[PDB]
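Okay, so here's the structure we're looking at.
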Amino acid sequence: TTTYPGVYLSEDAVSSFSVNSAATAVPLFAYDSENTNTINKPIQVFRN
Amino acid sequence: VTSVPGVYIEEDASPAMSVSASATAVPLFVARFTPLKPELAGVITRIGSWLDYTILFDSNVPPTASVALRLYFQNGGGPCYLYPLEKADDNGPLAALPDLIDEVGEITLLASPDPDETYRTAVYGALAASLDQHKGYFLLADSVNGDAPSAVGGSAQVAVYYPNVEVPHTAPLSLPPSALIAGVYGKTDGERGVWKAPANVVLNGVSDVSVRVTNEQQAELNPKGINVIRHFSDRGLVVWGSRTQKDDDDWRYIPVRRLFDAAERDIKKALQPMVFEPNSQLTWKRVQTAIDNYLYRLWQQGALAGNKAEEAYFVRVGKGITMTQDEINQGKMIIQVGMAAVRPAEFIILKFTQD
Amino acid sequence: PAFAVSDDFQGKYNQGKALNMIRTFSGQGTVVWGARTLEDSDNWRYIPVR
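Protein chains in written order, with PDB author numbering: chain A, 4 to 51; chain B, 4 to 65, 109 to 216, 264 to 448; chain A', 204 to 253. A prime marks a further copy of an entry chain.
Next comes the structure, spelled out in structure tokens:
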């Protein structure tokens, strides 16, 4: 809008875009439900 | 106009102008204090150093506002403001806050050194509306835990520094790092300028971080961009990462955001003396030149990422280009200007080969 | 000037007719502000073009 006199300023609307590469390797493994020497938690997350 | 023959004297008056730069520093703090005089209760006050703070205000005994403010001066100098308020939900002066910041023309950064969450999030929502009419603000924020705060959801001007920093005092007390991280922006613009991302700068005087972060959860927190205070063995504590909140390729970096924020505020302050002049052609070439001689000086000191050609600016103000006849009648001017900023260099990749 | 007007009270009185307030800035002071005549037609506005 252009209500009052003075100095207005606008900027750009849209910019460029590009794709980011990958991760390429995140596996999930096969636990066994009847197993005993383990935790009863179904989903575990291990990082290293 | 001339009747008696005599000799008449006359000069040529013109608003011919140029643009000069100010500093991008000196914020205000909106924590709670204890003033000494009743007129210092609810008005903005300029503080020059640590000496005159001890005259107007006091250091009490139980109380973290006096500790968090002296760490600002040990890192970087410069004056600062402060706005004392007592009650978090006192929406009287909180509504009366944003119409006091505009009358002082300088304010650039925004922060709050208060520890708890109920006081800070009441502040951050009070002046969140005053960020999107493009007057030139850039606030700072802290995170209560592993994810960003939601009082300002997605904006081009925030910055989050995750792990809070402690400090010894007679059990050491914790401190939200939004106070002392404002002072480290006052050193980078001194010698290096605005267009350098503050990362390798070293925090000046601290014991240790509160929680020790490692590289395997640095990988998770460096997207959804929030920054991090790191600890190293040889050089001690250091700030790390210079990414803003919203992650399109338009503005993902602190300096590219803060370079366009400072280049606008210097040319907008000097076009204000010429705001009612006629829209003829000799005014157009005088404005287009004073903008041309501002980006050229800023180009040849290493801040616009252009090569040895001229291609860093295309400021044009003509009538055939960039305008036409029918918006002259509803008096307008259009300044199409554009830069090509420089990006910080992270992720250096070597890729040795045999030949 | 006896009053301090606003930044936006100029805004709603800029169309239709031409209140043309007198507002004081920092630096330059007590200056006049706005040159508009009573009609809004694209031939006759802008007091200097009259």
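Ideal Cβ positions, reconstructed from N, Cα and C, are used throughout, including at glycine.
Residues bridged to residue i (per DSSP)
i, result
"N308/B", "Paired residue(s): none; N308/B is not in a bridge."
"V331/B", "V295/B, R323/B"
"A434/B", "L397/B"
"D188/B", "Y207/B"
"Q429/B", "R409/B"
"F32/B", "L128/B, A157/B"
"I225/A'", "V235/A'"
"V302/B", "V211/B"
"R248/A'", "None, per the DSSP bridge assignment."
"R336/B", "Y346/B"
Classification of residue i by the beta-carbon crowding that lies within 10 angstroms, buried from 16 upward
i, result
"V10/B", "exposed"
"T154/B", "buried"
"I441/B", "exposed"
"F60/B", "buried"
"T281/B", "buried"
"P371/B", "exposed"
"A28/A", "exposed"
"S201/B", "exposed"
"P41/B", "exposed"
"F32/A", "exposed"
"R166/B", "buried"
"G199/B", "exposed"
"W247/A'", "exposed"
"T337/B", "buried"
"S271/B", "buried"
Under 8 Å between C-beta atoms of residue i and residue j
i, j, result
"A383/B", "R436/B", "no"
"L266/B", "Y118/B", "no"
"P159/B", "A111/B", "yes"
"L173/B", "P144/B", "yes"
"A157/B", "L186/B", "yes"
"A28/B", "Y207/B", "no"
"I47/B", "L31/B", "yes"
"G182/B", "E357/B", "yes"
"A141/B", "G171/B", "no"
"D354/B", "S25/B", "no"
"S189/B", "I319/B", "yes"
"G286/B", "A396/B", "yes"
"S335/B", "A405/B", "no"
"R49/B", "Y129/B", "no"
"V64/B", "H215/B", "no"
"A363/B", "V7/B", "no"
"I147/B", "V211/B", "no"
"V294/B", "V349/B", "no"
"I347/B", "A434/B", "no"
"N422/B", "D210/A'", "no"
"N223/A'", "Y7/A", "no"
"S18/A", "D343/B", "yes"
"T227/A'", "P204/A'", "yes"
"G122/B", "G329/B", "no"
Boundaries of the alpha helix (DSSP H) in which residue i is found, first to last residue
i, result
"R350/B", "347–363"
"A114/B", "111–121"
"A141/B", "137–141"
"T281/B", "278–284"
"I46/A", "It is not in any alpha helix (DSSP H) - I46/A carries neither H nor E in the DSSP assignment."
"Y56/B", "54–59"
"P144/B", "144–147"
Where the beta strand (DSSP E) through residue i begins and ends
i, result
"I50/B", "48–50"
"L266/B", "266–268"
"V213/B", "211–213"
"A168/B", "No beta strand (DSSP E) holds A168/B; the alpha helix (DSSP H) holding it covers 163–170."
"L375/B", "Segment 374–392 is the alpha helix (DSSP H) holding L375/B; no beta strand (DSSP E) there."
"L128/B", "126–128"
Chain C residues whose Cβ lies nearer than 9 Å to that of residue i
i, result
"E309/B", "Annotation note: the requested chain C is absent from the structure, which comprises protein chains A, B and A'."
May I ask you to list, following chain order, the residues of the stretch 4–15 of chain A that have a beta carbon less than 7 Å from some beta carbon of chain A'? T6, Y7, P8
Residues in the stretch 405–433 of chain B with C-beta within 9 Å of chain A''s C-beta atoms, listed in sequence order? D419, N422, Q423, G424
Could you please tell me which residues of the stretch 364–397 of chain B, in chain order, have their CB closer than 9 Å to any CB of chain A? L364, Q365, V368, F369
Residues, ordered as in the chain, of the stretch 235–246 of chain A' that lie near chain B by beta-carbon distance below 9 Å: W236, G237, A238, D245, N246
Taking a Cβ distance cut-off of 9 Å, strictly less, list which residues of the stretch 152–183 of chain B are near chain A, in chain order. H180
Please name the residues in the stretch 23–38 of chain A whose beta-carbon is closer than 9 Å to at least one beta-carbon of chain B, in chain order. none
By the 7 Å beta-carbon criterion, what residues does the stretch 340–361 of chain B contribute toward chain A? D341, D342, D343, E357, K361
Name, going along the chain, the residues of the stretch 22–56 of chain B whose beta-carbon falls closer than 8 Å to a beta-carbon of chain A. none
Along the stretch 210–229 of chain A', what residues have a CB closer than 9 Å to any CB found in chain B? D210, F228, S229
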